[PDB]
**Student:** 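Here it is: the structure, laid out below.
For ligands, and for the atoms within them, numbers begin at 1 and follow the listed sequence. Chain A is the first sequence line, chain B the second, and so forth, proteins listed ahead of strands; every chain is numbered from 1.
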4 protein chains.
Amino acid sequence: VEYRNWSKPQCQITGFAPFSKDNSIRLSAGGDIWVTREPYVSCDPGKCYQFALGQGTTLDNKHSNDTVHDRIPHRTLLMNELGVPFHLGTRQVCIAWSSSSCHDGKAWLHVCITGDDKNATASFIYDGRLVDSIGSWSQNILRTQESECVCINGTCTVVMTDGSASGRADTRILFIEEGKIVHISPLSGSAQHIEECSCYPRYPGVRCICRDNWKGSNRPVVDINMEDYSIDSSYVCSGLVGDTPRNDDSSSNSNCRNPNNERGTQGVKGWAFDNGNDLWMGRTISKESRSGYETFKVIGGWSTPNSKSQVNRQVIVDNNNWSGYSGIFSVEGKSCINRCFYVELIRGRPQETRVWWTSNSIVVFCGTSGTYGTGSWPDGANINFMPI
Amino acid sequence: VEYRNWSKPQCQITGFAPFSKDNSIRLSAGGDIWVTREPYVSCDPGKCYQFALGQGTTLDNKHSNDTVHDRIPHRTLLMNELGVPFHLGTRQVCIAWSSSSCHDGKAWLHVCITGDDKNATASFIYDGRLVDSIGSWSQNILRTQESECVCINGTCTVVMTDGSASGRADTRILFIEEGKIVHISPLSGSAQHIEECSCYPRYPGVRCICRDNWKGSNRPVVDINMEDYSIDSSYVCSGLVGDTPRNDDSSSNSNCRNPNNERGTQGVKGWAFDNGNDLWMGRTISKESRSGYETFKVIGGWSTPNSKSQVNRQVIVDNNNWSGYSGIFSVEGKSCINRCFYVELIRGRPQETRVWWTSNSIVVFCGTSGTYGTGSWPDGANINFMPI
Amino acid sequence: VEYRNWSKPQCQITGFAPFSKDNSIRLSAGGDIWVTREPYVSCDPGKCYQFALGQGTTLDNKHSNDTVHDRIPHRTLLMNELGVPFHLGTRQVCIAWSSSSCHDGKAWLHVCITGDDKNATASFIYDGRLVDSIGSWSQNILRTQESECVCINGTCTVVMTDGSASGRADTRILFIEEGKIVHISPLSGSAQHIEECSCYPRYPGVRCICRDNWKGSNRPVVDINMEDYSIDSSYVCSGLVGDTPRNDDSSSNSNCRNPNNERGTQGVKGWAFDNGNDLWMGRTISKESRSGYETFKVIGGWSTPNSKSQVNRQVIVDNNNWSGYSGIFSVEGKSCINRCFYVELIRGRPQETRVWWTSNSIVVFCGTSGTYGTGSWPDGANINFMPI
Amino acid sequence: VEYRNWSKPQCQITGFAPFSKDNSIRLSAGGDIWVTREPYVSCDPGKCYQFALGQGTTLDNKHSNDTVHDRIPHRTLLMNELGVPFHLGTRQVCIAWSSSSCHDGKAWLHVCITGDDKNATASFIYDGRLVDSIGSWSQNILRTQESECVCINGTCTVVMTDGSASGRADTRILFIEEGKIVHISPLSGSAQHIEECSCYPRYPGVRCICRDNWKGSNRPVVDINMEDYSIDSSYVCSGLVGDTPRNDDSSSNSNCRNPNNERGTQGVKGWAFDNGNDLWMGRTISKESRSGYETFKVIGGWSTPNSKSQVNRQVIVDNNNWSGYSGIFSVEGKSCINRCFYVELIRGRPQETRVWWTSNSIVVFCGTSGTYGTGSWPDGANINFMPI
Ligand SMILES: *[C@@H]1O[C@H](CO)[C@@H](O[C@@H]2O[C@H](CO)[C@@H](O[C@@H]3O[C@H](CO)[C@@H](O)[C@H](O[C@H]4O[C@H](CO)[C@@H](O)[C@H](O)[C@@H]4O)[C@@H]3O)[C@H](O)[C@H]2NC(C)=O)[C@H](O)[C@H]1NC(C)=O
Ligand SMILES: *[C@@H]1O[C@H](CO)[C@@H](O[C@@H]2O[C@H](CO)[C@@H](O[C@@H]3O[C@H](CO)[C@@H](O)[C@H](O[C@H]4O[C@H](CO)[C@@H](O)[C@H](O)[C@@H]4O)[C@@H]3O)[C@H](O)[C@H]2NC(C)=O)[C@H](O)[C@H]1NC(C)=O
Ligand SMILES: *[C@@H]1O[C@H](CO)[C@@H](O[C@@H]2O[C@H](CO)[C@@H](O[C@@H]3O[C@H](CO)[C@@H](O)[C@H](O[C@H]4O[C@H](CO)[C@@H](O)[C@H](O)[C@@H]4O)[C@@H]3O)[C@H](O)[C@H]2NC(C)=O)[C@H](O)[C@H]1NC(C)=O
Ligand SMILES: *[C@@H]1O[C@H](CO)[C@@H](O[C@@H]2O[C@H](CO)[C@@H](O[C@@H]3O[C@H](CO)[C@@H](O)[C@H](O[C@H]4O[C@H](CO)[C@@H](O)[C@H](O)[C@@H]4O)[C@@H]3O)[C@H](O)[C@H]2NC(C)=O)[C@H](O)[C@H]1NC(C)=O
Ligand SMILES: *[C@@H]1O[C@H](CO)[C@@H](O[C@@H]2O[C@H](CO)[C@@H](O)[C@H](O)[C@H]2NC(C)=O)[C@H](O)[C@H]1NC(C)=O
Ligand SMILES: *[C@@H]1O[C@H](CO)[C@@H](O[C@@H]2O[C@H](CO)[C@@H](O)[C@H](O)[C@H]2NC(C)=O)[C@H](O)[C@H]1NC(C)=O
Ligand SMILES: *[C@@H]1O[C@H](CO)[C@@H](O[C@@H]2O[C@H](CO)[C@@H](O)[C@H](O)[C@H]2NC(C)=O)[C@H](O)[C@H]1NC(C)=O
Ligand SMILES: *[C@@H]1O[C@H](CO)[C@@H](O[C@@H]2O[C@H](CO)[C@@H](O)[C@H](O)[C@H]2NC(C)=O)[C@H](O)[C@H]1NC(C)=O
Ligand SMILES: [Ca+2]
Ligand SMILES: [Ca+2]
Ligand SMILES: [Ca+2]
Ligand SMILES: [Ca+2]
């Protein structure tokens, strides 16, 4: 088994096709299913796996009460094959209220953060054993991507932040070989706040589309050079911005360089990727709440500041239903690298107060060069049918 | 591992022997089991797997209410080893309210259809990744076999229809290599309506026995040439017809060429296969409802129009019990290719209204050249013992 | 992978040591566990599996009512790794209300009987596919071993009976190669009634200790010659007889040749094996009911008619607790063949009427050349804690 | 596959990082989970497994009542991949109320003790078959490590004791090759009472840190020579002693040679390991009860009698939360052997009398050469939310 290089051209895509759905919440109403949030997807050379941060409890369980909270010692990283719901036989891979995972072609790497808010620790698990760890450097919620990291030629990269959620923070990019941290580069460039990066291989380098939780409703971009460890950053050009909250389409802006200062505070994990001058992206349909989900291509969305010409829109989740986090993952095909994405479908608190828990299911789509129709694939659970 | 060729003679059979039963409904009264319908069986070179379309819920679950409906966004293709009930550890292979699966000798292909009725999308998944997709071509419920597709020398074939359920439709035959559509041939021949084909390898080609939902209670036949992609079609000769509804044996007819216009509208997925001039087939015992199941050989049933001389009858499910869909699958033996079949055993609505759900279990038989006795292997659940 | 030959001397044992226990009934009171009976154990070259005949239902399930009955269409053969309880993820290997399984060194053989009492069918499944089948020859409950069959050099042998439970019956020995019946020999010798044989490899042949349900409380012996298919039979010499019911130790007899006509009617599956002139055997402690279980060595028990000198007794289940069926299995060690046995621990009806179901757990012991102490390992469930 | 030699230097560590947590009790409140105690962790060359002694029942189950008791016939050794909770699909590896497991590089060895207090039997299972067994030698609760044994070059060593819990007993060290006992050495040296050793490879030998239940609150040390089977023993030098109960830090003593006679009676399983003259160890935070858990390094703690200079302390479980047993396990890295430990988190009786059961979850940490922060990772279950 050889290290992955991802050295194939990116697949030409016309849009995305349905790939997977786990129906977690619907199942939780009649079965023992983990309470989760912050899910993602990543694949080894053979097959795909779904991940999520458990809350150390199932849903029909009094411990599900008040699981809206982000960080407790009982959160662990869950790992199943894609499409296998998080049942009681699910393996907890490590202790984590923040995590990232990727396969280098030989074995799995897991980056897992847990512990006190002011003094967290990140554990690096490779091939089933703990190889390294690092402590918080800003004493303010060390946190990472909540989606797959990416490895090229045996070196994996992952983006971590420590510091304010609403002000300048300390972002660093780690380079890891077989679980061992070999280099750390400070964030550099014009991005002013970085969280929860959705990264993908763009041989010879790596590209990440992130969340600015401070001043921008446009998404920061981070470029990682795997040859000399240099870092660059900026913002997605598209005038159709990908964060939530954000201004409506007629009054939103991006100049590619700075945060737009348009409803910039707060945000949601999301993704996008470049194709020449064009940009493929997803976003919530609602501009102020984590509701609905849509994807489209923006003409000149990568190269032209403020471009708002859109095409090939697809509704993934209609605006009558809740969404949440979303992220990218890459799949090596026979001749090219395909891009896929997942959408987190959050149910319960704070939006739905009949119940006392917070959880999610997922829906997953993959890039296609073929054709496709329309639909809507929401969580699908009836809140009135749920254990409270 | 090499591609399958299925280039062996068909096993000479004297009838069928008991092979498997999953007892799904009985187990649902005391455990968490998926609500399903439209099951089928397919085998890789090593072992058999049962498939079914989930309803995104377990049975003892308020979400099981009103699952009689055919198409919702939450339906997914379930896949287990044959004989493992669909418990919560079951993998959802893809999003689908219509599907087909087959193994080409190296990897699994799954064809999955989901989305809006008027604008559905079919996804083609091969070796665990999305390789292709196609959109609806007649904007009227794109739909496929609900049983195994078949592959010869790395090329898999699958029958898809789009259009009217009770009128002329648009049926196409797809040829797929490693998930990629390489050719599409329109239906051709004298079959006037084609749905839910049960196909089997008949080297060098593929033969399908289908469901005519429009004018025929006789079953359409589709012949697929894998070498030049040419298609031919007709109807099964046997005057003992295999659809439901149908006329009784004394007044049923087939001329091998046209639909018989005998209680032709509506129908049920079924199967049959040729052996020289003779025909092996299954059918519901009841001529008007999906009740009971029987198999038998029709002498001259393949070659002689309107033949009604039957032999080697076996009751599979007695007429006091509900059946449903049925389909064929092929298993490669040491010297020959065996033919097996599964029967869907539908419980709940519309027939049993004490409960609000609709689900099924299955029973499976395989061709034998030995001897056998008699019996009846129904679902066996007591409707009064079920969660409503 | 090569065929098993079992061509090593038998291990010299001083008794038996604890090997496994599944705690099924205890777990059934707080989880979804199959209702079973007629368990057995068989190992492939790597690891052991437990088998049982399910009743198509879990215990905490209204369908468990009246599962005292031996034969319904919903009984299937269950197969798990030894020590894994029969939970909802258990694979149902085939339809069976009577069965036998064994591994020839390359793949598993399963012999499964189901259908009408007067016209049953036996299916032979090898390497996950149906290879052969045979119908009832006496039209009176075709039935087999309910424990492992044994294979030498690619040929497996299994003992089947069809006919009266309380009179002369028609017993046949089948020889099966890769699932294909290659020869059938009639029972021969002086054994007058044969049921439920516990067989073991005794290179170059196979030896079975069985149940006489008609005239003997002494156990019949069947000797199977794998080279020329010839059969011989007689009775265990030991004056300490292994069946239940039976006379007490001071008035029980055996002449090695004929049934003893001592409370000979009815019986229970049991086992024994020769070591030179001596005999290792197990039996219920009670002489009239399936209560308790003990093993011991009888000096001259194999060669000397009516020998009653016992040594190395071990209590497996104390007489205050229910037992049931028991059987042998053989495990190839580095230099020798070891013998092990399991005991079925039956709970519920007819003996315990607070509940309406009948089920079992198991305990398993293996021969040892080392030393050991004492104990008692019963089912352990509190009938008052059980779902009725 | 080759035998393990553990012939690499010990990893230089700065402390420990979070590795795993199973949340068993929290999950038991909403799911079917085994009642357990005496857990441990051990790894094959590829992955880690968690073990525990089941009580033959799940938690939400009337049979969970009064599971505070240490020894019943229904206790079995449970084995899952690390991070997989003990659900109903868990394999019971053997019958045991005391056990030890390890992998020699080729296969698993399991040492399982069960039976009467005064006449117990230890079974030795290697590669899935029983190879040896030994009976009680002092007729007073034969017992072993309750943590992993260790194997060097095909020979595994395990420490067993039989006799008084509060007086001189008979401790022996067994050397086992492929399940077969090849030598037995009596304990030797100055350690006066030995129980529940936590052993680790220290090439060319094996070192164990144990529990003195009679006269010492300082932990005994057992040194095992794998080449000539010679044994030596003593006590840990550190004046900061590791047992519970124990004196507080200002009046606790150890002279390296004798039990300290400081609250020596009773105790708890624990661990420690040497690095040059220094010592890494864990212990409960409370000095009289199994509450809280902490780790630290004692400068000169291995070589200097009564040393009390501590550094690199970490809280694992805060003193508001219950702990219990703990033990070491070793993981082979690319260049070095790392040391890890697990902590048993006991909930229920005798400490929490609202419920009638006794069970545990676990948390697991591994040695790191990196950095880390702080936290607390207790069981986390709310006793008021539990089935009683
Ligand atoms: C059957 O399914 C197909 C495939 O999904 C579908 O074709 C798609 O239709 C959409 C909607 O018209 C197209 O996307 C649009 O592209 C135009 C540019 O030509 C954009 O201007 C659109 O964006 C504007 O309008 C959106 C609302 O539709 C707004 O939300 C947005 O803010 C803009 O104002 C939009 O991106 C897409 O290109 C095609 N896809 C393909 C491959 O042709 C078809 O419509 C479906 N059939 C039916 C009858 O529903
Ligand atoms: C024990 O099991 C064996 C094997 O199953 C069984 O033998 C079978 O009996 C059936 C029923 O008689 C045979 O099938 C028949 O074949 C005749 C031609 O010879 C047909 O005419 C029959 O069809 C007519 O009758 C059917 C009702 O039985 C009608 O439904 C149908 O419409 C026709 O009117 C039927 O096909 C079959 O050939 C044998 N099988 C073999 C291999 O011999 C036997 O009867 C069983 N014994 C008992 C006592 O149950
Ligand atoms: C600790 O464990 C060991 C091993 O289990 C145990 O030693 C065994 O004791 C039994 C009982 O005495 C021995 O078996 C007996 O052998 C004598 C011949 O020497 C037989 O006569 C006995 O059978 C008669 O008595 C039985 C009641 O015990 C009756 O049930 C039976 O009908 C006969 O009348 C019996 O077979 C066995 O040989 C030893 N095993 C060994 C290897 O020594 C020991 O006793 C245990 N210690 C205690 C105090 O529990
Ligand atoms: C963030 O996390 C880091 C890493 O855990 C942490 O640094 C650690 O702090 C502890 C506690 O101060 C240090 O351990 C101490 O070492 C000194 C020797 O210098 C000992 O004297 C201490 O033992 C005494 O005090 C203990 C109470 O803390 C008593 O329980 C004990 O009986 C002794 O009286 C203790 O061992 C440790 O060395 C560092 N680790 C490293 C690598 O620096 C830091 O404090 C955390 N920061 C915050 C603000 O949470
Ligand atoms: C979830 O936990 C909350 C907090 O304990 C529960 O709500 C509280 O219930 C108490 C008692 O009725 C009230 O006095 C408090 O005012 C409530 N707190 C809040 C924040 O409203 C709630 O009952 C729990 N939910 C369930 C289903 O157990
Ligand atoms: C399943 O859903 C049906 C339809 O919603 C429920 O039946 C309805 O119940 C309401 C409330 O009593 C009535 O007003 C409607 O008239 C009912 N509809 C019909 C068609 O009867 C039914 O209660 C649900 N079943 C279960 C078991 O919850
Ligand atoms: C198991 O089934 C039996 C039979 O249906 C039930 O017992 C019967 O109950 C009816 C109605 O009360 C009585 O009239 C019969 O006399 C009973 N039959 C017998 C044989 O006694 C029984 O209730 C069921 N058990 C459970 C727990 O549901
Ligand atoms: C667990 O078992 C205990 C002991 O059997 C049960 O407590 C007993 O209950 C009986 C009946 O009420 C009393 O007479 C005894 O005095 C109790 N024993 C003690 C020592 O208190 C208890 O009910 C069981 N717990 C549960 C939840 O079923
Ligand atoms: Ca923002
Ligand atoms: Ca029709
Ligand atoms: Ca008898
Ligand atoms: Ca002590």
**Student:** Quick check: does A/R263 have an N/O/S atom under 3.0 Å of the Ca ion (ligand 9)?
**Tutor:** no
**Student:** Cation-pi check, B/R207 to B/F273: give yes when NZ or CZ is under 6.0 Å from the six-membered ring centre and within 45° of the ring axis, no otherwise.
**Tutor:**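 Ring-cation test returns no.
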**Student:** So which of the N, O or S atoms of A/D212 lies nearest the Ca ion (ligand 9)?
**Tutor:** O
**Student:** Report the residues that fulfil side-chain hydrogen bond (donor to acceptor under 3.5 Å, both in side chains) with A/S291, sequence neighbours left out, ordered by chain and then residue number.
**Tutor:** A/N319
**Student:** Which of the N/O/S atoms in B/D243 sits closest to the Ca ion (ligand 10)?
**Tutor:** OD2
**Student:** Do any of the N/O/S atoms of A/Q266, backbone or side chain, fall under 3.0 Å from the Ca ion (ligand 9)?
**Tutor:** yes
**Student:** Taking less than 2.5 Å as the test, are the sulfur gamma atoms of A/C199 and A/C208 close enough?
**Tutor:**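 Between A/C208 and A/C199 there is a disulfide, given that their SG atoms are under 2.5 Å apart.
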**Student:** Answer yes or no for A/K215: is there an N/O/S atom below the 3.0 Å cut-off from the Ca ion (ligand 9)?
**Tutor:**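 No, since none of the N, O or S atoms of A/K215 sits under 3.0 Å from the Ca ion (ligand 9).
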**Student:** Measure from the Ca ion (ligand 10) to each N, O or S atom of B/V268 and report whether any distance is below 3.0 Å.
**Tutor:** no
**Student:** What are the two closest heavy atoms between A/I285 and A/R246, and how far apart are they?
**Tutor:** O-NH2, 3.3 Å
**Student:** With a cut-off of 3.0 Å, does any N, O or S atom of B/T265 fall short of it relative to the Ca ion (ligand 10)?
**Tutor:**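 So B/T265 does not count as coordinating the Ca ion (ligand 10).
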**Student:** Taking the side chain as every heavy atom from C-beta outward, state whether B/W271 and B/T295 have any atom pair closer than 4.5 Å.
**Tutor:** yes
**Student:** Is the shortest side-chain N to carboxylate O distance from D/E344 to D/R290 below 4.0 Å?
**Tutor:**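 Salt bridge absent between D/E344 and D/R290.
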**Student:** When you measure from the Ca ion (ligand 10) to the N, O or S atoms of B/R211, does any of those distances fall below 3.0 Å?
**Tutor:**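 Given the 3.0 Å cut-off, B/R211 does not count as a ligand of the Ca ion (ligand 10).
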**Student:** To the nearest 10 degrees, could you say what angle the Ca ion (ligand 10) makes with O of B/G216 and O of B/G264?
**Tutor:** 90°
**Student:** Is it the case that B/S190 and B/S234 place a side-chain donor and acceptor less than 3.5 Å from each other?
**Tutor:**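 There is no such pair between these side chains.
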